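All Cβ positions, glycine included, derive from the backbone under ideal geometry; neighbour counts span all protein chains shown. What follows draws every value from the coordinates through simple rules; no lab data is involved.
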Amino acid sequence: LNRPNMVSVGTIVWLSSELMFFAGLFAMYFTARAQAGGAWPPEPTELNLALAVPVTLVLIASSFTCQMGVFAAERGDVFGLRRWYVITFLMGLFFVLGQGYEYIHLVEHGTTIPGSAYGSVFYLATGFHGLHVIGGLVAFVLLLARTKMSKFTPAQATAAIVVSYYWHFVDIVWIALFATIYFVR
Amino acid sequence: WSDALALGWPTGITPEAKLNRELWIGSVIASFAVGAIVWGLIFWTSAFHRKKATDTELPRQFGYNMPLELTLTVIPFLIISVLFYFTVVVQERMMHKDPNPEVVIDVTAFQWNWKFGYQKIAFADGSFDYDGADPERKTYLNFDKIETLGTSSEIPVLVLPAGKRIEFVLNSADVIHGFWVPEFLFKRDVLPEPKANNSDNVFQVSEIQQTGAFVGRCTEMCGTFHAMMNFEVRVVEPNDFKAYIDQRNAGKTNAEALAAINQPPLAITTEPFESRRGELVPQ
Amino acid sequence: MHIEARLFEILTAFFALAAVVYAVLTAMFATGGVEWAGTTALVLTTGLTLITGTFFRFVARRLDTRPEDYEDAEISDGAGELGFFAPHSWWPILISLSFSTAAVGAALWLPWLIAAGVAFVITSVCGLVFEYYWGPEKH
Amino acid sequence: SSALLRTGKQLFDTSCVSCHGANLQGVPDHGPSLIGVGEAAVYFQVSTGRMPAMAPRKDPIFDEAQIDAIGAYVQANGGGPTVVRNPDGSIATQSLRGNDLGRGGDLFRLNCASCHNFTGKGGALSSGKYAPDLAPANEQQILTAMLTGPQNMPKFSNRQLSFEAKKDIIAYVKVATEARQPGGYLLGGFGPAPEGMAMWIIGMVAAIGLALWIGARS
Ligand SMILES: CC(C)=CCC/C(C)=C/CC/C(C)=C\CC/C(C)=C/CC/C(C)=C/CC/C(C)=C/CC/C(C)=C\CC/C(C)=C\CC/C(C)=C/CC1=C(C)C(=O)c2ccccc2C1=O
Ligand code: HEC
Ligand code: HEC
Ligand SMILES: [Cu+2]
């Protein structure tokens with residue numbers, strides 16, 4: 001029975017809704033850029049492309065690690081699943097820490113949320129994505145803990161798969177945000 | 001006879017208002033026709049009651065009449081296309097903005113009152129080259145020399161000439177307001193930063209046929225006393241208008257400048273009712 | 001699953017057409033140029049429909065006909081054993097109470113209440129996720 | 001100067017004249033008299049964003065030298081308290097801070113703590129209104145508020161509370177709102193209500209969790 005997977009359908013449609021949420025955020029950002037004429041990144045702001053690219057590379061690497069974990073999960077092997085998902089969790093935590101460090105260095109040199117119109121849209125566009133990353137990390141921890149406490153079944157496999165493409169959605173959203181904020185300007 | 005088919009629309013004091021009223025009456029007649037036909041169909045089909053003589057024979061169970069679907073989907077396209085054509089025509093004929101008006105009023109809306117400016121007068125007869133102030137704009141609001149300011153005890157009155165091209169430039173100090181004079185059959189929102197919000201805060205009327213007093217309301221949501229932002233428009237002849245402008249250039253209030261040309265100095269259409277608190281109030 | 005994919009594909013086509021038309025017609029003939037809000041909204045609505053329709057198409061392209069996708073199917077064809085459907089549970093109301101606590105702490109700016117609500121949300125979601133997987137107690 | 005100040009008040013058709021009148025005698029409908037308060041009342045009411053209104057603290061509209069103008073205008077109509085300036089032209093920041101702390105704390109507990117708190121937190125008053133937290137308040141703002149006595153707050157004249165005592169109280173407040181706590185996490189600055197809540201939600205939860213782990217259930 002169960003020719004298509006039901007948790008998969010649910011996760012896909014919910015990911016679509018979250019795409020609409022990020023649509024709202026992108027609209028907020030794209031407006032008020034057309035109002036800043038000239039040096040539209042204002043008085044004190046300078047983005048650090050020497051630190052923005054490594055964290056993106058780590059995020060893509062984590063996506064690849066998660067896909068490898070999915071491959072390990074499709075065959076009834078739980079230990080490879082665990083290894084690859086621990087690696088993915090660590091890479092994601094490193095991304096989050098790098099983003100926080102960039103936040104600190106950017107806030108102690110000017111740009112703040114109540115300081116300018118650019119700081120507000122920048123911080124809201126990136127912080128909600130960071131929150132989604134933290135949610136994905138929590139999901140990873142819960143999935144691993146659940147694998148520890150019962151026999152490995154196709155339901156466990158399905159859980160791994162749906163968590164994986166949630167992570168992939170987060171990664172593609174970050175790619176869009178990065179391309180929009182650091183290159184297009 | 002057409003006073004009933006206008007559903008309460010006041011007869012306009014402006015040619016664009018007259019055109020709008022014609023379009024409105026035509027559309028209302030069309031909608032009444034369609035609604036009457038549909039009501040007739042429903043009330044007719046409500047005579048197909050179950051007859052007691054009807055045996056154990058259900059109705060014809062037909063369903064799925066295919067060409068009727070195409071017919072009833074092709075006619076409403078016709079009606080809506082005709083209405084859209086005429087709507088586009090009238091809405092282009094309602095926002096014209098010729099470059100050479102005769103009077104330019106600067107309307108400013110703030111928290112629960114109005115302020116009018118008299119920016120420029122330039123009559124086509126050849127006369128009345130008036131001007132504005134701009135020594136103090138130090139950033140989007142407009143300041144002039146002859147300004148009519150309303151208060152909670154006196155309602156602002158905007159004196160305008162009859163039969164002249166008038167232009168309005170709308171600006172708000174804090175929040176969104178609305179500029180509705182019902183006799184114009186037209187209204188527009190008053191925005192804080194109209195340029196940074198890509199809005200056209202400028203609109204013109206060709207002439208005002210009648211004379212006298214007309215009311216004006218706010219049509220936004222502004223806060224507590226949103227229902228207490230009324231104003232009045234007084235339309236006089238260009239001679240009374242030159243008399244008023246001169247009596248105002250000589251330092252005089254709006255009420256005195258109005259009493260100088262034999263006009264009631266206070267608003268006769270609406271009255272400056274107190275900022276009320278209730279009926280049982282301890283006054 | 002042909003009709004689901006076809007529905008979402010029709011929606012995607014219409015949304016993409018509307019998006020591109022609105023984008024170019026605001027690039028021209030507009031008081032300030034591109035509108036930049038409705039354009040983004042329509043583009044990402046098209047993206048939503050595209051994601052869902054593409055997933056459904058990929059699922060349908062590698063699946064045998066189901067008893068509910070085939071007329072002349074019999075009710076004895078679906079005979080078998082369906083999935084697992086949860087009986088009674090009290091974790092949803094606790095999740096809702098935790099989320100409401102965090103929401104009240106965000107409405108009235110109280111960071112201690114926000115943190116307590118977040119911790120309660122984590123705890124109750126853990127309880128919901130582990131409910132049918134805890135083993136017997138090890139004594 | 002006083003000329004742009006009159007324009008500051010008069011041409012502020014949105015802000016000033018509708019509530020108080022161009023005579024500054026006070027419109028009976030909207031606003032009080034406003035004839036005897038000096039530049040101190042203006043500097044407190046406007047720089048804290050409480051003035052021109054439609055009453056929590058907000059960000060001020062007028063910033064650049066059009067506050068001191070309106071203050072000089074209000075003062076020129078009728079005398080009153082003035083803003084304390086450093087002998088350079090600016091408004092005093094460090095010079096307003098006193099050196100005596102015990103006296104400042106005694107006077108704070110006697111005259112001020114009854115409404116706000118021991119350490120400057122907020123307080124609850126009757127029928128709605130409250131007393132605010134004193135952490136976001138500036139030092140000239142403390143001085144001017146204590147001089148003018150805003151809504152429901154008593155007016156502490158300079159003849160009943162000397163300027164030296166006011167400086168000591170300012171010092172005590174700025175030290176009580178900026179000092180680290182040598183005990184751990186500050187639980188809000190109130191008494192044992194946060195402490196009892198923390199006990200119930202942290203300590204007792206940890207204890208009952210340890211009991212659930214160690215003991216058996218059946
Ligand atoms: C069981 C019953 C009380 C026996 C009655 C027998 C008979 C009727 C005696 C007559 C007495 C009648 C007439 C008067 C009653 C009042 C009187 C007896 C009070 C004396 C004190 C004493 C008896 C307390 C009663 C028992 C006590 C309240 C137990 C409640 C807690 C138990 C049941 C488990 C709670 C589990 C706990 C770890 C999780 C809850 C976490 C938090 C929300 C607890 C709630 C909570 C509490 C309990 C606080 O005390 C508190 C104090 C300050 C700030 C906040 C809180 C707070 O949030
Ligand atoms: C009608 C709204 C309103 C507006 C707008 C307004 N005032 Fe007020 N003002 C009041 C009221 C009412 C009070 C009394 C304080 C209270 O009720 O809490 C007050 C109090 C004051 C006080 C303190 C009075 C005292 O005795 O210490 C000052 C100073 C003041 N206003 C100045 C101004 C100035 C200057 C402007 C123009 C920039 C202005 N206000 C605009 C209504 C207003
Ligand atoms: C309960 C009566 C009461 C007393 C006594 C009192 N306060 Fe106030 N205080 C208030 C109220 C009410 C306000 C709010 C003023 C307003 O909203 O306009 C206030 C406002 C203030 C502010 C303004 C804070 C801000 O951020 O705007 C300061 C500073 C202040 N008080 C200091 C003091 C000092 C120092 C003392 C002791 C000399 C004191 N207060 C005594 C009730 C009181
Ligand atoms: Cu209004």
Average partner chain C-beta neighbours within 10 Å, per residue of A:15-27?
-> 5
Furthest towards positive pole of dipole, A:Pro114, A:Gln67, A:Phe152, structure part the range A:6-183, Cβ charges = A:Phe152
Applying the gyration tensor rule to the Cα atoms of chain A (axes a ≥ b ≥ c; rounded if a/c under 1.5, else prolate if a/b exceeds b/c, else oblate), the class is prolate
At 7 Å along the Cα-to-beta-carbon direction for both D:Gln10 and B:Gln209, put a label point, then send me their distance in nm to one decimal.
-> 4.4 nm
Within 10 Å, count the other beta carbons around each residue, average over each peptide in B:155-168, B:237-250, C:126-139, and list them highest first.
-> B:155-168, B:237-250, C:126-139
Enter the angle in degrees (range 0 to 90, nearest 10) between the Cα long axis of helix A:78-107 and the first principal axis of the Cα atoms of chain A, meaning the one along which they spread out most.
-> 10 degrees
Measuring from its Cα centre, the range A:6-183 shows a charge dipole (+1 at each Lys and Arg Cβ, -1 at each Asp and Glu Cβ) which, in debye to the nearest 20, is 700 debye
How about the range B:1-42: which chymotrypsin sites (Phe, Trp or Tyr not before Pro) there are in a DSSP loop, with at most 14 other Cβ atoms within 10 Å of their Cβ?
-> B:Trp1
Taking GluC sites (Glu not before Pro) as exposed when in a DSSP loop with at most 15 other Cβ atoms inside 10 Å, chain A has its longest clean stretch at A:109-185
Largest to smallest principal axis extent of the C-alpha atoms in the protein assembly as shown, angstrom = 98, 96, 64
In whole angstrom, the spacing between the Cα centers of the range A:16-31 and the range D:57-129 equals 45 Å
Per residue, how much space in cubic angstrom lies within the convex hull of the C-alpha atoms of the range B:57-188?
-> 249 Å³
Taking every pair of alpha-carbon atoms in the range B:196-268, what share in percent sits in each 10 Å bin, from 0 to the bin with the longest distance?
-> 15, 35, 33, 16, 1
Is there a simple number for the mean count of other chain Cβ atoms within 10 Å of the Cβ of residues in A:1-7, and what is it?
-> 4
Give me the net charge of C:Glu4's neighbourhood, meaning all other residues with Cβ under 11 Å from the Cβ of C:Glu4; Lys, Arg count +1, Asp, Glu -1.
-> 0
Positive-end extreme of charge dipole, chain A - chosen from A:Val58, A:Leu142, A:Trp174 (charges on Cβ) | A:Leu142
Distance in nm between A:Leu97 and D:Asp106 label points, each 7 Å along Cα→Cβ, equals 5.4 nm
Segments C:45-51, C:102-108 sorted - mean Cβ within 10 Å per residue, highest first = C:45-51, C:102-108
Cross-link pairs D:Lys121/D:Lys167; D:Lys9/D:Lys155; B:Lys97/B:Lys195 - those with Cα-Cα distance over 22 Å = D:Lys9/D:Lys155
For D:124-132, C:28-36, A:139-147, ranked highest to lowest by mean beta-carbon neighbours within 10 Å, the order is A:139-147, C:28-36, D:124-132
0 to 90° range, to nearest 10: angle between helix A:117-148 axis and chain A longest Cα axis = 10 degrees
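How large is the convex hull of the C-alpha atoms of chain D per residue, in Å³?
Per residue, the Cα convex hull of chain D comes to 191 Å³.
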Between the range B:186-216 and the range A:93-136, what is the C-alpha centre distance in whole Å?
-> 44 Å
Here the tail fraction of P(r) beyond 14 Å, over all Cα-Cα pairs of the range B:98-148, rounds in percent to 57 percent
Using unit Cβ charges (K, R positive; D, E negative) and no other charged atoms, how large, in debye to the nearest 20, is the dipole of the protein assembly as shown about its Cα centre?
-> 1960 debye
Return the average number of partner chain Cβ atoms within 10 angstrom of each residue Cβ along peptide C:79-85.
-> 2
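If the viscosity is 1.002 mPa s and the temperature 20 °C, what translational diffusion coefficient in µm²/s does Stokes-Einstein give for the range D:95-182 when Rh comes from Kirkwood over Cα pairs?
So the translational diffusion coefficient is about 162 µm²/s.
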Which value in nm describes the separation of the simple spin-label points at B:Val34 and C:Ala115, placed 7 Å from the Cα toward the beta carbon?
-> 6.2 nm
For the range B:1-66, listing GluC sites (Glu not before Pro) in a DSSP loop whose Cβ sees at most 14 other Cβ atoms within 10 Å gives B:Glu57
Using θ = phi - 60° and the Karplus relation 6.51 cos²θ - 1.76 cosθ + 1.60, list the HN-Hα couplings for the range B:218-233 in order, rounded to whole Hz, with x at every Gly or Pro.
-> 9, 10, 10, 10, 10, x, 5, 8, 5, 7, 10, 10, 7, 9, 9, 10
Sorting B:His96, B:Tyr130, B:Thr151 by the position of each Cα along the dipole of the range B:66-152 (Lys, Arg +1; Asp, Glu -1; all at Cβ), the one nearest the positive end of that ordering is B:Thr151
Please compute P(r) over all alpha-carbon pairs of chain B, binned at 5 Å starting from zero, and give each bin as a whole-number percent.
-> 1, 4, 9, 12, 14, 13, 10, 8, 6, 5, 4, 3, 3, 3, 2, 1, 1, 0, 0, 0
Convex hull volume per residue for chain C, taking Cα atoms only, in Å³ = 218 Å³
So which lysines pass the test for C:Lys138, namely a Cα distance under 30 Å, with those fewer than 8 places away in the same chain ruled out?
-> A:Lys148, A:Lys151
Using unit Cβ charges (K, R positive; D, E negative) and no other charged atoms, how large, in debye to the nearest 20, is the dipole of chain C about its Cα centre?
-> 720 debye
Sum -39500 (n - 2.57) across every DSSP H segment of at least 4 residues in the protein assembly as shown, then divide by the residue count to get the 222 nm mean residue ellipticity, nearest 500.
-> -15500 deg cm²/dmol
Using amide H atoms built 1.01 Å from N in the peptide plane, name the residues 5+ places from B:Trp114, or on other chains, whose amide H lies under 5 Å from its own.
-> B:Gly150
Can you run the Rg to Rh ratio on the range D:30-119? Use alpha carbon positions and the Kirkwood inverse-distance Rh.
-> 1.02
